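When reading the values below, keep in mind they use all heavy atoms of this one structure, side chains included, and skip hydrogens, waters and symmetry mates. By convention in this document, chain letters (A, B, ...) are assigned in the order of the sequence lines, proteins followed by strands, and residues within each chain are numbered from 1.
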Amino acid sequence: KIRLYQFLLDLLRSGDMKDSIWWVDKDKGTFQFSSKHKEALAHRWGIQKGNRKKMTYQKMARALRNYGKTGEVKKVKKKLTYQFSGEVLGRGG
DNA sequence: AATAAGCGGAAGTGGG
DNA sequence: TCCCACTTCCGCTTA
Ligand code: NA
Ligand code: NA
């Protein structure tokens with residue numbers, strides 16, 4: 001199954017949920033979620049995964065937190081804002 | 001308070 | 001066996 005960071009990168013590429021997530025500085029890999037519309041995107045992640053429970057933004061962000069140590073996604077010091085690693089961005093493209 | 005978000009340990013589930 | 005890659009639940013903290 002697809003990994004969370006790849007699900008997010010693919011959404012940013014397609015623009016299919018542009019009201020829920022957007023690039024801040026695409027060259028640096030920084031992106032941000034919508035305060036009001038992030039839950040719809042979290043719901044989509046859970047359905048893509050076939051998880052037992054309904055996915056929430058909180059649970060999705062809890063999963064994102066685990067990428068901080070390995071480096072795929074880091075939290076930026078701004079609400080709802082994250083940054084993909086250069087490895088993630090280059091391999092995706 | 002109400003609302004929202006952040007922090008993150010610990011235990012549970014998936015598919016190797 | 002035992003790690004992967006999260007998921008789920010909980011309690012605390014900050015704005
Ligand atoms: Na445990
Ligand atoms: Na605030």
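- Counting to the nearest Å, the P atom of C:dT7 and the CD atom of A:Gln48 are 11 Å from each other.
- For the residue pair A:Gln58 and A:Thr56, no side-chain donor N or O sits within less than 3.5 Å of a side-chain acceptor on the partner.
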query = If you write DNA chain B from 5' to 3' in dot-bracket form, with Watson-Crick or G-U pairs under 3.5 Å, [ ] for crossing pairs and | for pairs with another strand, what do you get?
reply = ..|||||||||||.||
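- Counting to the nearest Å, the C1' atom of C:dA5 and the NZ atom of A:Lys49 are 7 Å from each other.
- In this structure, A:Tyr5 has its ring center at least 6.0 angstrom away from the ring center of A:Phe84.
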request  = Any chance you could list the contact pattern along nucleotides 9-15 of chain C? Use B for base contacts, S for sugar-phosphate-only contacts and - for none, protein heavy atoms under 4.0 Å, 5' to 3'.
outcome  = SB-----
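- Other residues, nucleotides and ligands contribute more than 12 heavy atoms inside 6.0 Å of the CZ atom of A:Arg13.
- Residues A:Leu11 and A:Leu41 meet the side-chain proximity criterion, which asks for heavy atoms closer than 4.5 Å.
- Using a 4.0 Å heavy-atom criterion, one finds that A:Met55 contacts the sugar-phosphate atoms exclusively.
- In this structure, A:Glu39 atom CD and B:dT3 atom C1' are separated by 14 Å, rounded to whole Å.
- Applying the 4.0 Å criterion to OP1 and OP2 of B:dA4, one finds that A:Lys38 has every side-chain N and O outside that range.
- At a threshold of 4.5 Å between non-hydrogen side-chain atoms, the residues A:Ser34 and A:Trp22 count as touching.
- Put simply, CG on A:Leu64 is 10 Å from P on C:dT7, counting in whole angstrom units.
- Computed from coordinates, the A:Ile2 CD1 to C:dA5 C1' distance equals 13 Å when rounded to whole Å.
- Contact annotation: A:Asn51 reaches the phosphate of C:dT7 (side-chain N/O to OP1 or OP2, under 4.0 Å).
- Contact of the A:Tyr82 side chain with the A:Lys74 side chain is not registered, since no non-hydrogen atoms from C-beta on lie closer than 4.5 Å.
- Across the protein-nucleic acid pair, A:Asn66 atom CG and B:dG9 atom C1' stand 11 Å apart, rounded to whole Å.
- Each of A:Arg52 and A:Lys77 has a nearest nucleotide on DNA chain B; the 5'-most of these lies closest to A:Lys77.
- In this structure, A:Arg3 atom CZ and C:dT7 atom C1' are separated by 15 Å, rounded to whole Å.
- In this structure, A:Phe31 and A:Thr81 have side chains that are not in contact, with every pair of non-hydrogen atoms separated by 4.5 Å or more.
- OP1 or OP2 of B:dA5 sits under 4.0 Å from a side-chain N or O of A:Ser35.
- The distance from atom NZ of A:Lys69 to atom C1' of C:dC4 is 16 Å, rounded to the nearest whole Å.
- Side chain of A:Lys36 to backbone of A:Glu39: no donor-acceptor contact under 3.5 angstrom is found.
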query = Should A:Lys28 and A:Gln83 be marked as a side-chain contact (heavy atoms from CB on, under 4.5 Å) after you check the CA-CA gap, both sets of side-chain angles, and the distance that decides it?
reply = CA-CA 7 Å; A:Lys28 297 184 185 168; A:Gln83 184 171 20; 3.9 Å; yes
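- In this structure, A:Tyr67 does not reach the C:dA5 phosphate: none of its side-chain N or O atoms is under 4.0 Å from OP1 or OP2.
- Of the side-chain N and O atoms in A:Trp45, none sit less than 4.0 angstrom from OP1 or OP2 of C:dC6.
- For A:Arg65 and B:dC7, the shortest distance from a side-chain N or O to OP1 or OP2 is below 4.0 Å.
- The residues A:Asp16 and A:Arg44 are annotated as salt-bridged, a charged nitrogen and a carboxylate oxygen being separated by less than 4.0 angstrom.
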